[PDB]
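To begin, one chain is listed below as structure tokens, in the form deposited in one PDB entry.
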């Protein structure tokens, strides 16, 4: 059973800018297993809009190419929950952030959480932040994850994390 805890007091305008996907984890192995896995996506930029919506710019391998992708997330009554329709997911969920160093978020499809949940640890610089990873693992300890990936600085600034 998946229960996510979203951030209290999120100010979405402060997440703006460049990020790097330091780590990711998912409920089903197939979601992240192999570079072509559906939720193997690497966040490059978060771009809040004046409406309080959010554009997510990411990279993703598809048909052998490292491709760009833009996901549009719509605000909801809860500030840390946004609605999307992409990657067969329907929610982007912000778990925690300090704006300046790390941000934790998940995606899921609320109709099928155990088949769809993937969460990431994002960082502002392409370095490994052990404190951020500690917060990430803390959150993940409470979730039924079956796959976990953690990247190094070389992979962080690679194209599609190679």
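Only the largest set of C-alpha atoms that superpose within 1.5 Å between the two forms is called the rigid core. Residues that one form lacks are left out of the comparison. Numbering follows the first chain given and starts at 1.
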query: At least a third of the other compared entries leaving residue 66 unmodelled, is that the case?
result: no
- prompt: Would residue 111 be found without coordinates in at least a third of the other compared entries?
  reply: yes
- prompt: Per the PDB record, is the mean Cα temperature factor higher over 34-42 or over 102-110?
  reply: 34-42
- prompt: Out of 19-27 and 136-144, which stretch has the higher average CA B-factor listed in the record?
  reply: 136-144
field: Residue with maximal Cα B-factor (values as given in the PDB entry) among 51, 127, 55, 96
entry: 127
Entry-reported Cα temperature factor of residue 116, expressed as the chain third it lands in: lowest
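Note that the form deposited in another entry isn't included here; everything after this is about it.
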message: At a threshold of 2 angstroms on the CA positions, core aligned, which residue out of 68, 110, 49, 125 shifts between the shown form and the other one?
response: 110
message: On a rigid core superposition, would residue 87 pass a 2 Å threshold for CA movement between the shown form and the other one?
response: yes
- prompt: Between residue 37 and residue 112, do the C-alpha atoms lie closer or farther in the other entry than in the shown form, with a difference of 3 angstroms or more?
  reply: closer
field: Pair residue 98/residue 113, Cα separation in the other entry versus the displayed form, closer or farther by 3 angstroms or more
entry: farther
query: After a core superposition, which runs of 3 or more consecutive residues shift by at least 2 Å in C-alpha position between the shown form and the other one?
result: 1-4, 85-89, 109-115
